[PDB]
Amino acid sequence: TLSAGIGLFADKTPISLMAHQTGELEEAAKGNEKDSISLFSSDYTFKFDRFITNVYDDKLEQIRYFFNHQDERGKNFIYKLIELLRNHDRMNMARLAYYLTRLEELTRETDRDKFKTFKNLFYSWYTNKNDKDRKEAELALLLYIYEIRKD
Amino acid sequence: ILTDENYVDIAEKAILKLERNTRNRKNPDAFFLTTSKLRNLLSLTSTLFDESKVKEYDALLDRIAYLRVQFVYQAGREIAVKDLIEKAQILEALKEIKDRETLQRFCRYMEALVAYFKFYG
Amino acid sequence: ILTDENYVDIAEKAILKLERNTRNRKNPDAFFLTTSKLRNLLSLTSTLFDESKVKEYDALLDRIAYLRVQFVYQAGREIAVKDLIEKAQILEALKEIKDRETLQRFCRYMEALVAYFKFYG
Amino acid sequence: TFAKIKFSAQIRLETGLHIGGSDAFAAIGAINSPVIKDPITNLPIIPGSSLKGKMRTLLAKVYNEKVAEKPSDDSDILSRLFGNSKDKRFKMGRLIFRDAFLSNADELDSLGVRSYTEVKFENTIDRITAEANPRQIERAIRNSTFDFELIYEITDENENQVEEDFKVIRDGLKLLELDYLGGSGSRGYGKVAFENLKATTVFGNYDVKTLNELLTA
Amino acid sequence: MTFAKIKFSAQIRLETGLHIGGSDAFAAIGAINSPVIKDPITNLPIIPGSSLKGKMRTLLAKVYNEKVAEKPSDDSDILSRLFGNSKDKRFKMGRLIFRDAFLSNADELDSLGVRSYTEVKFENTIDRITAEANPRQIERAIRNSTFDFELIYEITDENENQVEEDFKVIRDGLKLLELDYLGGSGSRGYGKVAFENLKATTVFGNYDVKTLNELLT
RNA sequence: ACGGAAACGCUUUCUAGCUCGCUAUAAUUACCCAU
């Protein structure tokens with residue numbers, strides 16, 4: 001197997017800063033299990049085979065499938081999901097159970113069952129013990145909110 | 001009793017122990033406790049959780065003792081609230097509220113009760 | 001005497017010391033003191049608790065002295081109220097009511113009496 | 001050319017308005033639905049948000065064809081003065097609704113006043129079985145006069161309309177007299193009068209001589 | 001020896017208590033939905049200098065630009081030599097230094113009718129066609145809080161005779177803030193900043209403000 | 001006679017725009033009690 005390290009930089013950063021900060025970012029991917037991508041930082045070091053079948057195509061499609069087939073949610077809903085995914089107290093499990101159930105009540109009832117298939121699938125991977133699918137969806141929301149940012 | 005680890009799954013198991021409307025099976029599993037009744041108890045605690053972050057404990061404990069008035073008065077009438085405070089150990093949790101960390105724990109314990117009420121509703 | 005810590009469990013222990021209707025065991029444990037009788041005493045105190053939050057103490061103490069009239073007059077007749085003010089130290093609590101914080105404590109002490117009356121009823 | 005125009009009207013009540021809040025630690029057998037007070041003086045106030053929420057939602061049935069579903073769907077005569085967040089050029093539009101606090105502090109006194117807020121007992125009567133359910137809500141008292149302080153804001157975009165954007169102010173100061181300024185509104189509660197309006201120029205040397213005389217009809 | 005540095009002391013005694021928004025975190029489940037910015041070691045309301053700089057710039061931007069500046073860099077050369085400009089290699093290290101305003105009268109708001117220095121305002125919206133409700137709890141500072149305000153001006157040797165032109169601009173920037181709001185939901189109240197006790201002193205030597213404190217009347 | 005010397009992570013930037021604490025609600029019911 002192989003192991004990749006990707007680093008997201010702005011324009012006109014020096015390449016000696018580019019190639020080192022991704023050179024010592026695949027070193028974090030040579031220490032996970034050596035079969036791992038590491039994205040943009042020293043964390044997000046997913047196993048590579050797990051990165052495609054459980055982030056890049058499993059979750060990121062279903063996050064793309066929701067917000068491109070609805071109307072009333074948006075980046076504000078995405079941003080408060082990321083903030084509840086970064087911290088993750090035991091209190092934030094219950095606090096997110098209120099936040100997703102409160103938004104069923106607010107939709108227009110022609111999208112409520114569509115949102116209900118989102119929040120029963122979102123809250124499924126948030127509350128676990130393996131701590132695996134949580135940071136996957138913490139990453140899968142980053143790449144979705146990256147690709148939708150207007151100037 | 002509730003510590004910083006277990007003040008949520010105690011509150012989750014408390015809401016599940018609330019006996020439902022087993023009568024009148026049209027729209028079943030509704031609770032005898034209602035939403036706007038529970039928010040009256042939360043608005044008590046979710047204004048001390050704000051003032052505890054700003055003020056000290058000793059300049060604030062007069063309103064803390066009045067929670068033991070309110071949680072009994074709101075449960076002394078309209079018995080579905082008494083079903084809450086006996087199952088969710090509210091009056092026992094007010095016995096141990098000696099510090100700001102526990103004041104911010106019980107006021108956060110009530111928010112877990114409102115959360116799982118809305119979730120299992 | 002009652003401070004900001006103990007003005008509730010004194011009021012809880014006061015209601016438990018009210019002697020019940022030990023006679024006439026059909027529907028037992030009823031108190032000689034009744035609900036609408038007790039609310040007459042609360043409506044006195046739960047309009048000074050409102051005006052103390054708005055007005056000062058010195059422009060308000062005329063109604064405070066009339067509580068000592070009312071709590072004696074309501075207890076001088078219909079002896080079950082005299083059973084309250086001797087057990088719940090009402091007339092002793094009016095001796096120490098020199099400040100707004102104690103005025104808001106006794107008027108809140110009466111609300112704990114109405115709470116545990118409704119709860120143990 | 002830049003200018004600011006102030007409107008010092010006086011909001012005098014006839015039926016006492018109830019712009020509520022929630023004192024969370026209220027009492028038993030006391031006011032369980034209070035009004036919002038000034039936090040220091042404990043006088044009842046009228047916020048600008050309760051004014052702006054009743055200016056717009058009564059001018060959204062008069063100056064709005066193709067009636068709006070959201071406030072973002074106001075038909076760009078109302079959005080020009082009340083702001084519109086879903087628009088490139090209408091965000092923060094030209095009106096500032098200052099809070100109307102209290103004016104007659106000692107003219108209510110020497111009429112006979114214990115407290116500046118009265119308490120009303122109200123009793124939801126159950127029709128079947130005549131059950132009683134009392135409630136105690138506060139009201140600012142009858143002859144309370146408030147300090148309306150609307151502020152207009154003139155840019156170089158305003159040209160011809162300037163004066164078109166005051167008939168909507170004059171009617172908002174008129175469509176609300178036919179309604180209630182917030183409150184447990186259906187029963188009394190804010191049948192209010194907007195007395196002695198006066199527009200002045202507080203910045204930029206703009207003339208309001210022809211502007212005042214269309215506020216007196 | 002033409003390098004001095006002076007300070008405008010002021011007292012921000014406000015009305016319609018202000019909401020300079022702070023942590024827009026995911027709040028608690030029934031608590032304040034939008035708190036204010038605070039000092040960490042005392043949990044008192046502050047007015048930050050950045051909220052005083054961008055607010056007083058855009059008010060002064062509408063007076064002294066002569067064309068609609070689409071950027072803060074496109075402001076004219078009288079704004080950019082006070083508030084600083086990044087695209088000019090000559091107008092960096094802008095002349096004005098604004099410091100964060102803290103509670104001066106924390107003891108004077110003590111021993112009066114207020115207890116906590118922030119009051120929470122309950123503010124539902126009403127849906128336009130279905131008349132629903134969505135309750136807001138916007139924290140804002142109480143009415144008569146007074147804030148110590150200081151306004152370091154730096155007399156560079158390139159200033160020449162511009163020192164007296166700037167004080168026509170800063171005083172007018174302090175006069176627009178007494179007409180417009182300061183932070184937060186300003187078209188619903190929340191502004192009404194009064195700058196009192198305006199005076200200039202020289203915190204660094206060799207300048208005479210004897211003929212200048214009359215401009216701050 | 002130090003891979004050294006001199007070098008401010010710094011300049012510009014409003015947590016801001018939109019948002020009614022609103023919705024329904026007769027302080028009322030009952031007719032006795034004490035000797």
# chains A, B, ... in the order shown; residues from 1 in each chain; ligands from 1

$ closest_atom_pairs --of "chain D" --to "chain E" --cutoff "7 Å" --atoms "only C-alpha atoms" --output "CSV"
residue,atom,partner,partner_atom,distance
D:2,CA,E:63,CA,6.4
D:21,CA,E:122,CA,5.5
D:39,CA,E:114,CA,5.9
D:40,CA,E:114,CA,4.8
D:41,CA,E:113,CA,6.6
D:47,CA,E:189,CA,6.7
D:48,CA,E:188,CA,4.5
D:49,CA,E:188,CA,4.5
D:52,CA,E:188,CA,6.6
D:69,CA,E:128,CA,5.8
D:70,CA,E:128,CA,5.9
D:95,CA,E:187,CA,6.3
D:96,CA,E:187,CA,4.1
D:97,CA,E:188,CA,5.1
D:98,CA,E:189,CA,4.3
D:99,CA,E:189,CA,5.2

$ write_last_selection --atoms "N, CA and C atoms" --output "PDB file, in the first residue's frame"
ATOM      1  N   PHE D   2     -25.237  64.307   2.906  1.00  0.00           N
ATOM      2  CA  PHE D   2     -25.652  63.350   3.917  1.00  0.00           C
ATOM      3  C   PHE D   2     -26.422  64.075   5.009  1.00  0.00           C
ATOM      4  N   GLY D  21     -41.950  40.441  28.690  1.00  0.00           N
ATOM      5  CA  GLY D  21     -40.701  39.707  28.711  1.00  0.00           C
ATOM      6  C   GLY D  21     -40.981  38.378  29.370  1.00  0.00           C
ATOM      7  N   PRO D  39     -33.826  48.438  33.090  1.00  0.00           N
ATOM      8  CA  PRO D  39     -33.170  47.597  34.106  1.00  0.00           C
ATOM      9  C   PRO D  39     -32.682  48.356  35.327  1.00  0.00           C
ATOM     10  N   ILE D  40     -32.485  49.665  35.235  1.00  0.00           N
ATOM     11  CA  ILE D  40     -32.099  50.455  36.398  1.00  0.00           C
ATOM     12  C   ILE D  40     -33.307  51.100  37.056  1.00  0.00           C
ATOM     13  N   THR D  41     -34.093  51.838  36.278  1.00  0.00           N
ATOM     14  CA  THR D  41     -35.137  52.683  36.837  1.00  0.00           C
ATOM     15  C   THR D  41     -36.401  51.895  37.162  1.00  0.00           C
ATOM     16  N   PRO D  47     -39.756  48.934  23.465  1.00  0.00           N
ATOM     17  CA  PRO D  47     -38.573  48.735  22.639  1.00  0.00           C
ATOM     18  C   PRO D  47     -38.825  49.156  21.207  1.00  0.00           C
ATOM     19  N   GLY D  48     -37.726  49.412  20.500  1.00  0.00           N
ATOM     20  CA  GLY D  48     -37.826  49.698  19.088  1.00  0.00           C
ATOM     21  C   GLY D  48     -38.185  48.492  18.256  1.00  0.00           C
ATOM     22  N   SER D  49     -37.908  47.288  18.756  1.00  0.00           N
ATOM     23  CA  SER D  49     -38.228  46.091  17.993  1.00  0.00           C
ATOM     24  C   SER D  49     -39.722  45.826  17.971  1.00  0.00           C
ATOM     25  N   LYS D  52     -40.835  48.479  15.385  1.00  0.00           N
ATOM     26  CA  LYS D  52     -40.472  48.113  14.021  1.00  0.00           C
ATOM     27  C   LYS D  52     -41.194  46.852  13.565  1.00  0.00           C
ATOM     28  N   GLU D  69     -44.323  36.298   1.800  1.00  0.00           N
ATOM     29  CA  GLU D  69     -44.294  35.138   2.675  1.00  0.00           C
ATOM     30  C   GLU D  69     -43.276  35.329   3.788  1.00  0.00           C
ATOM     31  N   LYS D  70     -42.127  35.888   3.458  1.00  0.00           N
ATOM     32  CA  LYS D  70     -41.069  36.178   4.411  1.00  0.00           C
ATOM     33  C   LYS D  70     -40.834  37.683   4.411  1.00  0.00           C
ATOM     34  N   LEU D  95     -33.749  53.681   8.456  1.00  0.00           N
ATOM     35  CA  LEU D  95     -34.512  53.954   9.667  1.00  0.00           C
ATOM     36  C   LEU D  95     -33.873  53.301  10.877  1.00  0.00           C
ATOM     37  N   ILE D  96     -33.857  54.042  11.975  1.00  0.00           N
ATOM     38  CA  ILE D  96     -33.404  53.553  13.264  1.00  0.00           C
ATOM     39  C   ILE D  96     -34.522  53.802  14.264  1.00  0.00           C
ATOM     40  N   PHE D  97     -35.053  52.726  14.831  1.00  0.00           N
ATOM     41  CA  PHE D  97     -36.146  52.781  15.799  1.00  0.00           C
ATOM     42  C   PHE D  97     -35.560  52.761  17.203  1.00  0.00           C
ATOM     43  N   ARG D  98     -35.346  53.941  17.776  1.00  0.00           N
ATOM     44  CA  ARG D  98     -34.865  54.016  19.148  1.00  0.00           C
ATOM     45  C   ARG D  98     -35.973  53.621  20.118  1.00  0.00           C
ATOM     46  N   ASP D  99     -35.571  53.160  21.298  1.00  0.00           N
ATOM     47  CA  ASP D  99     -36.538  52.688  22.279  1.00  0.00           C
ATOM     48  C   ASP D  99     -37.242  53.867  22.933  1.00  0.00           C
TER      49      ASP D  99
END

$ interface_residues --of "chain B" --to "chain D" --cutoff "9 Å" --atoms "only C-alpha atoms" --output "list in words"
residues 40, 43, 44, 45, 46, 47, 63, 66, 67, 70 and 73 of chain B

$ write_last_selection --atoms "N, CA and C atoms" --output "tab-separated table (two decimals), in the first residue's frame"
chain	number	residue	atom	x	y	z
B	40	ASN	N	-41.05	25.58	31.68
B	40	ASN	CA	-41.19	26.41	32.87
B	40	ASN	C	-40.15	26.05	33.91
B	43	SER	N	-36.59	27.31	32.38
B	43	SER	CA	-36.37	28.76	32.44
B	43	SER	C	-35.93	29.21	33.83
B	44	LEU	N	-36.32	28.46	34.86
B	44	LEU	CA	-35.76	28.64	36.19
B	44	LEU	C	-34.26	28.36	36.18
B	45	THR	N	-33.87	27.18	35.71
B	45	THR	CA	-32.47	26.80	35.75
B	45	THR	C	-31.65	27.48	34.67
B	46	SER	N	-32.24	27.75	33.50
B	46	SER	CA	-31.47	28.41	32.45
B	46	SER	C	-31.63	29.93	32.50
B	47	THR	N	-31.54	30.46	33.71
B	47	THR	CA	-31.11	31.82	33.97
B	47	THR	C	-30.16	31.88	35.14
B	63	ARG	N	-31.46	32.59	44.93
B	63	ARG	CA	-32.26	32.03	43.84
B	63	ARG	C	-32.12	30.52	43.76
B	66	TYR	N	-34.63	28.93	46.03
B	66	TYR	CA	-35.97	29.07	45.48
B	66	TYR	C	-36.26	28.07	44.37
B	67	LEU	N	-35.23	27.39	43.84
B	67	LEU	CA	-35.50	26.26	42.96
B	67	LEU	C	-36.18	25.13	43.71
B	70	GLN	N	-39.75	26.04	43.68
B	70	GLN	CA	-40.41	25.97	42.38
B	70	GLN	C	-40.59	24.54	41.91
B	73	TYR	N	-43.47	23.23	43.93
B	73	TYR	CA	-44.75	23.86	43.61
B	73	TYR	C	-45.25	23.47	42.23

$ closest_atom_pairs --of "chain B" --to "chain A" --cutoff "7 Å" --atoms "only C-alpha atoms" --output "CSV"
residue,atom,partner,partner_atom,distance
B:8,CA,A:91,CA,6.4
B:112,CA,A:94,CA,5.9
B:115,CA,A:98,CA,4.9
B:116,CA,A:94,CA,6.7
B:118,CA,A:98,CA,6.2
B:119,CA,A:101,CA,6.0

$ write_last_selection --atoms "N, CA and C atoms" --output "PDB file, in the first residue's frame"
ATOM      1  N   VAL B   8     -25.878  12.917  32.036  1.00  0.00           N
ATOM      2  CA  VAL B   8     -26.629  12.900  30.793  1.00  0.00           C
ATOM      3  C   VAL B   8     -27.366  11.580  30.604  1.00  0.00           C
ATOM      4  N   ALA B 112     -30.387  18.480  29.618  1.00  0.00           N
ATOM      5  CA  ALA B 112     -30.422  17.140  29.056  1.00  0.00           C
ATOM      6  C   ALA B 112     -31.803  16.525  29.184  1.00  0.00           C
ATOM      7  N   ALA B 115     -33.757  17.988  26.371  1.00  0.00           N
ATOM      8  CA  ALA B 115     -33.269  17.465  25.101  1.00  0.00           C
ATOM      9  C   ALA B 115     -33.888  16.113  24.778  1.00  0.00           C
ATOM     10  N   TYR B 116     -33.817  15.164  25.711  1.00  0.00           N
ATOM     11  CA  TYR B 116     -34.375  13.847  25.437  1.00  0.00           C
ATOM     12  C   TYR B 116     -35.895  13.827  25.496  1.00  0.00           C
ATOM     13  N   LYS B 118     -37.629  16.268  24.005  1.00  0.00           N
ATOM     14  CA  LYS B 118     -37.894  16.670  22.635  1.00  0.00           C
ATOM     15  C   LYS B 118     -37.521  15.573  21.653  1.00  0.00           C
ATOM     16  N   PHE B 119     -36.504  14.779  21.976  1.00  0.00           N
ATOM     17  CA  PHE B 119     -36.068  13.723  21.075  1.00  0.00           C
ATOM     18  C   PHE B 119     -37.011  12.528  21.112  1.00  0.00           C
TER      19      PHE B 119
END

$ interface_residues --of "chain F" --to "chain D" --cutoff "12 Å" --atoms "only C-alpha atoms (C1' of nucleotides)" --output "list in words"
residues 16, 17, 18, 19, 20, 21, 22, 23, 24, 25, 26, 27, 28, 29 and 30 of chain F

$ closest_atom_pairs --of "chain E" --to "chain F" --cutoff "10 Å" --atoms "only C-alpha atoms (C1' of nucleotides)" --output "Markdown table"
| residue | atom | partner | partner_atom | distance |
| --- | --- | --- | --- | --- |
| E:19 | CA | F:15 | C1' | 9.9 |
| E:20 | CA | F:15 | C1' | 7.3 |
| E:21 | CA | F:15 | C1' | 5.3 |
| E:22 | CA | F:15 | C1' | 6.3 |
| E:23 | CA | F:15 | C1' | 8.3 |
| E:24 | CA | F:15 | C1' | 7.8 |
| E:36 | CA | F:15 | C1' | 9.6 |
| E:37 | CA | F:15 | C1' | 9.6 |
| E:48 | CA | F:14 | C1' | 9.7 |
| E:49 | CA | F:14 | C1' | 9.5 |
| E:50 | CA | F:14 | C1' | 6.7 |
| E:51 | CA | F:14 | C1' | 4.4 |
| E:52 | CA | F:14 | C1' | 6.7 |
| E:53 | CA | F:14 | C1' | 6.9 |
| E:54 | CA | F:14 | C1' | 4.4 |
| E:55 | CA | F:14 | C1' | 4.6 |
| E:56 | CA | F:14 | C1' | 8.2 |
| E:57 | CA | F:14 | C1' | 8.8 |
| E:58 | CA | F:14 | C1' | 8.6 |
| E:71 | CA | F:12 | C1' | 9.8 |
| E:72 | CA | F:12 | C1' | 7.3 |
| E:73 | CA | F:12 | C1' | 7.3 |
| E:80 | CA | F:12 | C1' | 9.5 |
| E:83 | CA | F:12 | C1' | 8.5 |
| E:84 | CA | F:12 | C1' | 6.6 |
| E:85 | CA | F:12 | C1' | 5.3 |
| E:86 | CA | F:12 | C1' | 4.7 |
| E:87 | CA | F:12 | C1' | 7.9 |
| E:88 | CA | F:11 | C1' | 9.6 |
| E:89 | CA | F:11 | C1' | 9.3 |
| E:91 | CA | F:11 | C1' | 9.1 |
| E:92 | CA | F:11 | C1' | 5.7 |
| E:93 | CA | F:11 | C1' | 6.7 |
| E:94 | CA | F:11 | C1' | 8.6 |
| E:121 | CA | F:21 | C1' | 9.3 |
| E:122 | CA | F:21 | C1' | 6.0 |
| E:123 | CA | F:21 | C1' | 5.6 |
| E:124 | CA | F:21 | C1' | 5.3 |
| E:125 | CA | F:19 | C1' | 4.7 |
| E:126 | CA | F:20 | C1' | 6.5 |
| E:127 | CA | F:19 | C1' | 8.8 |
| E:131 | CA | F:23 | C1' | 8.0 |
| E:132 | CA | F:23 | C1' | 8.1 |
| E:133 | CA | F:22 | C1' | 6.5 |
| E:134 | CA | F:19 | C1' | 8.7 |
| E:135 | CA | F:21 | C1' | 6.9 |
| E:136 | CA | F:21 | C1' | 8.6 |
| E:137 | CA | F:21 | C1' | 9.9 |
| E:182 | CA | F:14 | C1' | 8.0 |
| E:183 | CA | F:14 | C1' | 6.4 |
| E:184 | CA | F:16 | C1' | 6.8 |
| E:185 | CA | F:16 | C1' | 8.4 |
| E:188 | CA | F:19 | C1' | 9.7 |

$ write_last_selection --atoms "C-alpha atoms" --output "CSV table (one decimal), in the first residue's frame"
chain,number,residue,atom,x,y,z
E,19,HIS,CA,-25.4,44.5,22.0
E,20,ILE,CA,-21.9,44.2,20.6
E,21,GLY,CA,-22.1,40.5,19.7
E,22,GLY,CA,-19.4,38.2,20.9
E,23,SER,CA,-19.2,34.4,20.9
E,24,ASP,CA,-21.6,33.2,18.2
E,36,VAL,CA,-22.1,40.1,24.3
E,37,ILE,CA,-18.3,40.6,24.3
E,48,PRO,CA,-14.0,46.9,21.9
E,49,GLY,CA,-12.0,49.3,19.9
E,50,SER,CA,-12.5,47.4,16.7
E,51,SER,CA,-16.3,47.9,17.0
E,52,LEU,CA,-15.6,51.6,17.6
E,53,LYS,CA,-13.3,51.8,14.6
E,54,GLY,CA,-15.3,50.3,11.8
E,55,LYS,CA,-18.5,51.9,13.1
E,56,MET,CA,-17.1,55.4,13.3
E,57,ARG,CA,-15.3,54.9,9.9
E,58,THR,CA,-18.4,54.1,7.9
E,71,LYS,CA,-13.5,49.2,-0.3
E,72,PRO,CA,-12.0,50.7,2.9
E,73,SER,CA,-8.9,51.4,0.8
E,80,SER,CA,-6.9,57.0,5.3
E,83,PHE,CA,-7.9,55.1,10.2
E,84,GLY,CA,-5.1,53.8,8.1
E,85,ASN,CA,-4.9,52.2,4.7
E,86,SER,CA,-3.2,49.1,3.5
E,87,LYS,CA,-2.9,49.7,-0.2
E,88,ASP,CA,-1.0,53.0,0.3
E,89,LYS,CA,2.6,52.7,1.3
E,91,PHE,CA,-0.9,55.7,5.0
E,92,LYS,CA,-0.1,52.6,7.0
E,93,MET,CA,0.4,52.9,10.7
E,94,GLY,CA,-2.8,55.0,10.7
E,121,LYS,CA,-34.2,40.9,26.2
E,122,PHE,CA,-36.8,38.4,25.0
E,123,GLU,CA,-37.6,39.1,21.4
E,124,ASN,CA,-39.7,36.7,19.3
E,125,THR,CA,-40.3,37.1,15.6
E,126,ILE,CA,-43.8,36.7,14.0
E,127,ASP,CA,-44.1,34.7,10.7
E,131,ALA,CA,-48.1,34.1,12.5
E,132,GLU,CA,-45.8,31.7,14.3
E,133,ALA,CA,-43.2,32.7,16.9
E,134,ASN,CA,-39.5,32.1,17.3
E,135,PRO,CA,-38.2,33.5,20.6
E,136,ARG,CA,-34.9,35.4,20.8
E,137,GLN,CA,-32.9,36.0,24.0
E,182,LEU,CA,-23.1,51.4,18.0
E,183,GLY,CA,-23.0,47.6,17.3
E,184,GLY,CA,-25.7,45.0,17.0
E,185,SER,CA,-29.4,45.4,16.1
E,188,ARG,CA,-34.4,48.0,16.7

$ atom_distance --atom1 "atom CA of residue A:74" --atom2 "atom CA of residue A:121"
17.9 Å

$ atom_distance --atom1 "atom CA of residue E:39" --atom2 "atom CA of residue E:140"
14.4 Å

$ decode --residues "stretch 61-75 of chain B" --atoms "N, CA and C atoms" --output "PDB file, in the first residue's frame"
ATOM      1  N   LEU B  61     -26.920  32.444  45.908  1.00  0.00           N
ATOM      2  CA  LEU B  61     -27.564  31.263  46.475  1.00  0.00           C
ATOM      3  C   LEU B  61     -28.991  31.504  46.955  1.00  0.00           C
ATOM      4  N   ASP B  62     -29.492  32.738  46.909  1.00  0.00           N
ATOM      5  CA  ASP B  62     -30.886  32.975  47.267  1.00  0.00           C
ATOM      6  C   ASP B  62     -31.829  32.432  46.199  1.00  0.00           C
ATOM      7  N   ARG B  63     -31.457  32.587  44.925  1.00  0.00           N
ATOM      8  CA  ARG B  63     -32.258  32.031  43.842  1.00  0.00           C
ATOM      9  C   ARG B  63     -32.115  30.520  43.756  1.00  0.00           C
ATOM     10  N   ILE B  64     -31.009  29.976  44.264  1.00  0.00           N
ATOM     11  CA  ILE B  64     -30.797  28.534  44.232  1.00  0.00           C
ATOM     12  C   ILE B  64     -31.733  27.839  45.206  1.00  0.00           C
ATOM     13  N   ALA B  65     -31.947  28.443  46.377  1.00  0.00           N
ATOM     14  CA  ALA B  65     -32.870  27.875  47.351  1.00  0.00           C
ATOM     15  C   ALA B  65     -34.313  27.957  46.876  1.00  0.00           C
ATOM     16  N   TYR B  66     -34.629  28.932  46.028  1.00  0.00           N
ATOM     17  CA  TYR B  66     -35.969  29.070  45.485  1.00  0.00           C
ATOM     18  C   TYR B  66     -36.256  28.069  44.371  1.00  0.00           C
ATOM     19  N   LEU B  67     -35.234  27.394  43.841  1.00  0.00           N
ATOM     20  CA  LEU B  67     -35.496  26.260  42.963  1.00  0.00           C
ATOM     21  C   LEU B  67     -36.184  25.129  43.708  1.00  0.00           C
ATOM     22  N   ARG B  68     -35.851  24.938  44.982  1.00  0.00           N
ATOM     23  CA  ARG B  68     -36.497  23.886  45.755  1.00  0.00           C
ATOM     24  C   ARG B  68     -37.944  24.253  46.060  1.00  0.00           C
ATOM     25  N   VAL B  69     -38.260  25.547  46.039  1.00  0.00           N
ATOM     26  CA  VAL B  69     -39.649  25.983  46.109  1.00  0.00           C
ATOM     27  C   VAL B  69     -40.367  25.669  44.806  1.00  0.00           C
ATOM     28  N   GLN B  70     -39.748  26.037  43.683  1.00  0.00           N
ATOM     29  CA  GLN B  70     -40.410  25.971  42.384  1.00  0.00           C
ATOM     30  C   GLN B  70     -40.594  24.539  41.908  1.00  0.00           C
ATOM     31  N   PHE B  71     -39.567  23.700  42.063  1.00  0.00           N
ATOM     32  CA  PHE B  71     -39.681  22.317  41.611  1.00  0.00           C
ATOM     33  C   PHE B  71     -40.646  21.503  42.458  1.00  0.00           C
ATOM     34  N   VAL B  72     -40.969  21.965  43.662  1.00  0.00           N
ATOM     35  CA  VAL B  72     -42.016  21.332  44.452  1.00  0.00           C
ATOM     36  C   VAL B  72     -43.385  21.904  44.104  1.00  0.00           C
ATOM     37  N   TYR B  73     -43.469  23.227  43.925  1.00  0.00           N
ATOM     38  CA  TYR B  73     -44.745  23.864  43.611  1.00  0.00           C
ATOM     39  C   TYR B  73     -45.247  23.473  42.231  1.00  0.00           C
ATOM     40  N   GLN B  74     -44.346  23.406  41.250  1.00  0.00           N
ATOM     41  CA  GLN B  74     -44.755  22.977  39.921  1.00  0.00           C
ATOM     42  C   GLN B  74     -45.086  21.496  39.876  1.00  0.00           C
ATOM     43  N   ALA B  75     -44.584  20.712  40.828  1.00  0.00           N
ATOM     44  CA  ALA B  75     -44.897  19.294  40.900  1.00  0.00           C
ATOM     45  C   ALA B  75     -45.957  18.961  41.933  1.00  0.00           C
TER      46      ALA B  75
END
